[PDB]
Every structure is written in C-alpha cells, then in structure tokens.
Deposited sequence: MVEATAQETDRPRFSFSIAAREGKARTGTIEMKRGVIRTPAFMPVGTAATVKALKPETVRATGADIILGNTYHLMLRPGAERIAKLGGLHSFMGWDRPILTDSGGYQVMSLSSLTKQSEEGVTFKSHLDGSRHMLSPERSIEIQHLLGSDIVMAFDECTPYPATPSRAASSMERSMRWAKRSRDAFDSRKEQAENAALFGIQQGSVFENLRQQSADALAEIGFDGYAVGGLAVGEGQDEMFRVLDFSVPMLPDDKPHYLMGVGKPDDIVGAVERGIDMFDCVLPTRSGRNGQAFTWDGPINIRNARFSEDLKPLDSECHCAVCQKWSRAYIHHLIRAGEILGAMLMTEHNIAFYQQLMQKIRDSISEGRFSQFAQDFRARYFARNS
C-alpha cells in the first residue's frame, strides 16, 4: 500500500522538475494542476468527468465548506470524499485567504467574521475543519498579505503567518489519525521582498512541512513581478519537497512558474471563465459567444483530445452559451479542464525528455501569435 506521503523527482531541466507524490488515496503526477471544487463540486462536472480529463487531485475550499454544508455535517456524512464522490487526493485550502476576500476582526488568535451568522477561524480550528473534511493535503492557516504592501506591513503579516504555521503544525501533529494519514504544507509569505521571503522560508523549514506553498502572489502584481519574486523565492524552499503556487493561473503563468521550480497549481480560471464563454486553445483563448463562431463547425481546439472536441462544434457551444443552457457550461468546463491537463502532460513529458525549454518557447510562440 502507498505511503502517507512520498515525493520523488524523476527528471529535471534547469529549475523545472517532474515526478510523483504518492499518498494513500492515489498518485499525483507533477507538475500538477488541481481543478477547484469550491462547494464540494468542481462546477458543472461529475467527479468521473474530472478524472477523465486527467486530474489526479482536486482542491476544496475550507471557508465555503465550513459555512455550507458545514464541516461537522460533512464528517457525520462520512467525509468530503464520500460526500462528493471523489475518492482520490483532495488538497484543502485553510480559509485564510477566502475569509479576508469574501467575509471581519483579525487578531493574534485568528479571524472572526460574518458569513456572506458569526464564525471563527484560528490555526487550530482550520486544521480541525480540514480534518473533519478528511483532507489529504492540509494547508497551514496563514494571512495573504494584500498587494501592494509596505515593507513594515508585509513583515508583520509574514511574522504572524509564521507563528500561525507553528500552531498549525502542532495542531496537525496532535491529531494522530490526521498526522498518520494526511500531509501538511506550509505557506511562504513576505510580499515581493526578498529578505522577508528568505525569513519566511527559513521559519517554515525549521518547523518542517511535507510541502511548501508560495503564498501572497497572483494578488494584482502582474506576471513580470510574479516571475521576479519566484526567481528568488522558490530556491529558498527545500528542494526535495513539492512547491505549490497558490491561485495560479493562466497557461503562460503555469509554464513560466514551472521554469522557476513550481510543482503544483490551482486556479478557477478554466472552470469560471469556461462558464463565461472563454475557451482555451493552443492558439490562445477564444470567446465562444463571439458571432464569428455561429457557423464554425470546427471543435473548440483543433488538436485537443477531450470528449467535447471529439463530438461538438464551436457553433453548437456558441448557441448553448448564448442561450444560457447548462450544457454549455458543462461542455466549456470539461474542455477547459482537459486543456489544462493536456498542458500539464506536455510539461511533464517535455521535462522528462529534456526538451522543456523548447516546449516553452514553442508554446509561447503559438499561443501569443
């Protein structure tokens, strides 16, 4: 039987790595893209369809689930895996970003907030909620510093996050069933400042985690600045553990982040923008609602292997999205998630074959033509 957690790097090219995370509930191929399952569903997809696109792991949102249907309720019903019908690994966010984005009174103990009923979220309660959900990869409870941030405020926020990271570690370790069956990732903060990123990486490595997220990015800084911060931030993390870039991103963001040593990604872009009419293609995104697609018999993308591109035309999906039909959301979302997984597969294969630099160049030349 598989271990609780084992990350193995099979091949490297520059800072890029490809390999596997083995966990009780399954193997995760890296670099990995995690479809987002906000309220115990990857929107508009059955779990079997999520798996058919190639996903090895999905992300669940602690903040939404603790409000509806409730963490204790999900536990009483058998846990999130049974509840939604996904039997493979689930990574849960901690709620720290979402509570400040969607709900508040912050203190050293945690955050109290009103639902959008009053609720509480501390490091200890976040880890407990993730236990009740039955998460496989638990995220430490942190604070995502707003951008831009002054050096003083970025430092204060990062320092509190590091104290909360130790509290998260101890809460996780004090629950035997969780410690033996799940993994715990810590989150690097520090805004765009190299010295704070270094202090944060050092604090997290001293505590010790199964994986390390780069937090606090994709919050308005733009790709050039995000890449500049990744350039110095990823090498600060332990090389032998997974590196997770939270909330990223567009296809070109993913490619460049892999070039900088990132192993894991999540984003609502393929699901949310799919429902809004944006389809990803190797020649760049298209908006299927545009009148130019009304009689276009071609599939969404000319090479995509997904079931949507095997059967239905742009013209049909254009009609469905314009009409507000649920099937339009279903088909756009399946295609976009499949596109993301095909991107990850091409990334993994090209690193394994020592041709990822050429892949990145070819990808960009065509995607932005």
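Counting from residue 1 of the deposited sequence, the stretches lacking C-alpha coordinates in this chain are 1 to 9, 113 to 114, 128 to 130, 384 to 386.
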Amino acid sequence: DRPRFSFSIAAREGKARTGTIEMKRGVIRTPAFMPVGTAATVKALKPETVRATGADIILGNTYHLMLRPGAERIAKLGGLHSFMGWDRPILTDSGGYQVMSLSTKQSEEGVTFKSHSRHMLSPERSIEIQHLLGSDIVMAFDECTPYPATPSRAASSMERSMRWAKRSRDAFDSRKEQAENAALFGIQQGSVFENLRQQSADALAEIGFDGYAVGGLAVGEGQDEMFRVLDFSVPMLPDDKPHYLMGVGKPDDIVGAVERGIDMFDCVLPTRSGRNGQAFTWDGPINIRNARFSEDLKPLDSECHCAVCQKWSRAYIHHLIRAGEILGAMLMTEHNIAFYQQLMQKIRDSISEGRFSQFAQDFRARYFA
From here on, numbers count along this sequence of modelled residues.
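If you superpose the two forms and keep the largest set of C-alpha atoms that fall within 1.5 Å, you have the rigid core.
Of the two stretches examined, 326 to 334 and 31 to 39, the one with higher mean CA deviation in 6 other deposited structures of this protein after a rigid core fit is 31 to 39.
Root-mean-square C-alpha deviation from the shown form, taken over all structures in 6 other deposited structures of this protein superposed by the rigid core, is larger for 293 to 301 than for the alternative among 133 to 141 and 293 to 301. Judged by the one-third criterion across other entries of this protein, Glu48, though modelled here, is missing from at least a third of those that model both its neighbours. Across the other PDB entries of this protein whose models span the neighbouring residues, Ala203 is modelled without exception, so it is unmodelled in far fewer than a third. Averaged over CA atoms, B-factors in the entry run higher in 218 to 226 than in the other of 218 to 226 and 125 to 133. Here the stretch with the larger average CA B-factor, out of 269 to 277 and 80 to 88, is 269 to 277. As recorded in the entry, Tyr97 carries the highest CA temperature factor of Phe172, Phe209, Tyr97, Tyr244.
Across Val258, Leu204, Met120, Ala183, the greatest Cα temperature factor reported in the deposited entry is at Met120. Ranked against the other modelled residues of its chain, the C-alpha B-factor of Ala149 as given in the entry falls in the highest third. Among all modelled residues in its chain, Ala360 ranks in the highest third by Cα B-factor.
For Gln310, the recorded CA temperature factor ranks within the middle third of the chain's modelled residues. Compared with the other modelled residues of the chain, the Cα B-factor recorded for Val27 ranks in the middle third. In the PDB entry, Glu303 places in the highest third of its chain by CA B-factor.
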